[PDB]
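Protein chains get the first letters and strands the later ones, always in sequence-line order, with residue 1 at the start of each. Both counts, for ligands and for their atoms, begin at 1 and track the order of listing. Just so it is clear, the values below take in all heavy atoms, side chains as well, and ignore hydrogens, waters and symmetry mates.
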Number of protein chains: 2
Amino acid sequence: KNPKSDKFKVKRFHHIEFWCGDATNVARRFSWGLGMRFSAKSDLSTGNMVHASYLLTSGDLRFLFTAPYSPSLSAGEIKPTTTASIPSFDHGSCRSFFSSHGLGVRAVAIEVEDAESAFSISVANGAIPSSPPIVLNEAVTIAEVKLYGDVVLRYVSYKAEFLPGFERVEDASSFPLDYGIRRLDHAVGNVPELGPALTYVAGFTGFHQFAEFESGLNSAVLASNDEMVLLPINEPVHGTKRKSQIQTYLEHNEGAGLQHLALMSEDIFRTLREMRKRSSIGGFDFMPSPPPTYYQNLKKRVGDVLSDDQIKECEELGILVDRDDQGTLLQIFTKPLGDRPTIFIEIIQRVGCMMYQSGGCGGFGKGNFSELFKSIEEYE
Amino acid sequence: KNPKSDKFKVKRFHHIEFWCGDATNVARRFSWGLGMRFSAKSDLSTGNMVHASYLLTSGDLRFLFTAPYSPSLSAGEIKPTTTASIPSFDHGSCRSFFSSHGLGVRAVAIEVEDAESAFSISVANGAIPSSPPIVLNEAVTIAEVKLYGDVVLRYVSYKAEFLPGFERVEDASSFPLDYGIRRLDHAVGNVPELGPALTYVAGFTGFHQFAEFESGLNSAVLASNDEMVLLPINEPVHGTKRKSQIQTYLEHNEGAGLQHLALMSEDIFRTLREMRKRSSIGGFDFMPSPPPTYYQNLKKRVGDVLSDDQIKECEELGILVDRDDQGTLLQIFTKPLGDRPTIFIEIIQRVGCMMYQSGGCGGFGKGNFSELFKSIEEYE
Ligand SMILES: Cc1c(C(=O)c2c[nH]n(C)c2=O)ccc(S(C)(=O)=O)c1C1=NOCC1
Ligand SMILES: Cc1c(C(=O)c2c[nH]n(C)c2=O)ccc(S(C)(=O)=O)c1C1=NOCC1
Ligand SMILES: [Co+2]
Ligand SMILES: [Co+2]
């Protein structure tokens, strides 16, 4: 059941913004590790004396890496005279975010029809304002409200090229990498209490709970009208044998924040081959693969969807598999993206639910908690 | 003339430590960009609740990348109970360094016979103490004094594997990259006033001025007894037509600091081929090459040292060439390593002065300032 109760018109995920201490180095690492090309910049070379921002793109996926310059470069400016291309940016906020959380996501940005309306309606419905709507070069409106922890939900809308003041990256600098990643599927937050977090976010968006079908967590998924914007939220379960990974997140992150980003690949096998090639030469590592018993147990579960070959390929790459009552999903998880055991990345591909493919086809892998535990009872 | 006036026994450059906001991402980028393997770690997985430190090595070159964790992970510790592997580390100092300077070098570390003696004698001779000598697992002594800005000169000495508490990196994680870089040749500081900086550093080390042979700078090189430890220092020249790049450094860095690191390659041609292959896929960019007139002018200057082929190869790669009265050097410069126009890297290879090769053979490229200007008068 989907009540389609969005309080304003939402389109798709637009971009994810990381707040960094050095944007160059994080961006170059991510570019090579994920096969995303350098697409636009806003920095000293573009007249921006406030922050360095570098945009990586793969298909529709947009990753933005931003870091502050010395405040002294812009000490003469005021907000009316600012050279920043992202007017919500604040040196103190950025430095405090990075020093508190380490590398992580500051903004989950969605495109909307009218960012000013989305902000006003959100705030009228309990959203805590973070940055008021601002119109950029009479073309793009941007506004921000608090999502959880120090993460904001950013509304972007276009009257009619990333943002004004960003320049296209020179053809010599932008190598056309591509490992098959195409768009953001979902963005997951970790909080201490799921109930109040859900109430808040569902409160100001009108997003509805996405239906699904004891490992230390409870969760729930909020979804937009066409369920293409998917925002799961986790809370820890205390008192379990194995200490809750959600609680470990909260301790090392210094509170709530974005836990993982799920990136849809048009070919998860090519994506994982390409990423695994680069794990030890500057890219990303992957969590330990499941035991071969897990892959022997796949024939009974998805033998009508994956051939023995495609199952074998899953085993080569460590890919996990789950199934809805509607569809099937292939997924796998990176190790944390930075120093702390906090944010990681999920690679996903969904099979089924053709109408275009409907959102969340196959679910989010909830069944893989039990199937992993069961399969990892292969000590005999 | 070399008075060999070191006030304590100095061996060689031991390592360079960068202070980062996320050590993982900087280290992975540098590893791929420079062909340096992951050699040791000290982090959560090794019991270090204070800082993440990752060591990259190429030949004798050691690059250390360190970032702080949340202070809360170690809030119960005191210095006697610390889990940090680098006892000089301080959360507040590291965060203040990175927020003030952005990504850059915190420590120039040299190996000495006796780090406790080197510290005591240095401080008796005007050095500003930064971290007192501390003995690690009864095996290694480490001590730090101020060098310039927020950069320290670190003394390391071994009674008899990087530092205690560091673990070797698993054979699966450490890919054996190597683009030919073998050791640190020199480390250059930028200061507002050369005179007082030289007086200070020469004051507490006994390092002597290295002999050499209007583009906006003055400089001088301090050297150890065998002139294998080489510490040049620059100051800006104000009032020139083209604004002093040294002054631009000081403004964007918020004061004095390490300007460039010069890394010796055993084969600069292979090194530059390998690095240039990776410039646009996560590695380092290089400054704009000189005009072909520069390379036509090379036959008269080094035609007795480089063949037409090796000169042509220089032209392919943008390599610059200078000559002492003793030797010849090949050099080239990266664009800044991070967001700010501050620290960059020099790749160098020296030809001549065989006895082993004596330090600074060929100089530092001072003649290339005039030769670049002259050659870049090719507008007709
Ligand atoms: C995060 C995760 C998902 C996941 O993406 C979602 C679950 N719920 N929602 C809304 C999600 O997006 C699915 C399976 C597993 S797993 C390895 O157990 O098979 C895991 C992990 N557990 O810890 C490490 C990775
Ligand atoms: C830094 C530099 C050196 C250099 O390494 C040293 C000079 N003195 N000392 C002690 C040095 O180590 C040599 C030639 C040039 S250059 C491009 O002019 O030919 C440059 C640069 N100028 O600005 C950009 C790079
Ligand atoms: Co997920
Ligand atoms: Co140099």
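A cation-pi arrangement is found for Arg301(A) relative to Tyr294(A), the charged atom lying closer than 6.0 Å to the ring centre and inside a 45° cone about the ring normal. Relative to the ring axis of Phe63(A), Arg183(A) does not place its NZ or CZ within 45° and under 6.0 Å from the centre.
Of all N, O or S atoms in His260(B), the one lying closest to the Co ion (ligand 4) is NE2.
Close approach of ligand 2 to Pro232(B) (heavy-atom distance below 4.0 Å) involves ligand atoms 10 (C). When each atom of ligand 1 is checked for a heavy atom of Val188(A) under 4.0 Å away, the hits are 12 (O). For ligand 1, the atoms sitting less than 4.0 Å from at least one non-hydrogen atom of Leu320(A) are 19 (O), numbered in the order shown with element in parentheses.
Neither the backbone nor the side chain of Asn234(B) comes within contact range of ligand 2; no heavy atom lies under 4.0 Å. When non-hydrogen atoms are compared, ligand 1 lies under 4.0 Å from the backbone of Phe364(A) as well as from its side chain. Residue-level proximity to ligand 1 for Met287(A) is carried by the side chain, the only part with a heavy atom below 4.0 angstrom. Looking at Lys366(B) against ligand 2, nothing comes within 4.0 Å, counting heavy atoms. Only side-chain heavy atoms of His186(B) come within less than 4.0 Å of ligand 2; its backbone N, CA, C and O stay farther off. Only side-chain heavy atoms of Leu372(B) come within less than 4.0 Å of ligand 2; its backbone N, CA, C and O stay farther off.
Heavy atoms of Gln331(A) come nearer than 4.0 angstrom to ligand 1 in at least one pair. Distances from ligand 1 to the non-hydrogen atoms of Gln245(A) include no value under 4.0 Å. Using a 4.0 Å heavy-atom cutoff, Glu346(B) is listed among the residues neighbouring ligand 2.
Defined by atom type and a distance below 3.5 Å, a donor-acceptor pair is missing between the side-chain atoms of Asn368(B) and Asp322(B).
When distances to the Co ion (ligand 4) are checked against a cut-off of 2.8 Å, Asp185(B) contributes no N, O or S atom below that limit.
Between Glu371(A) and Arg323(A) there is no salt bridge, since none of the side-chain N atoms of the basic residue sits less than 4.0 Å from a carboxylate O of the acidic one. Looking at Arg12(A) and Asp226(A), a side-chain N of the basic residue comes within less than 4.0 Å of a carboxylate O on the acidic one, giving a salt bridge.
Taking the Co ion (ligand 4) as the apex, the angle formed with NE2 of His186(B) and OE1 of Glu346(B) is 90°, to the nearest 10 degrees.
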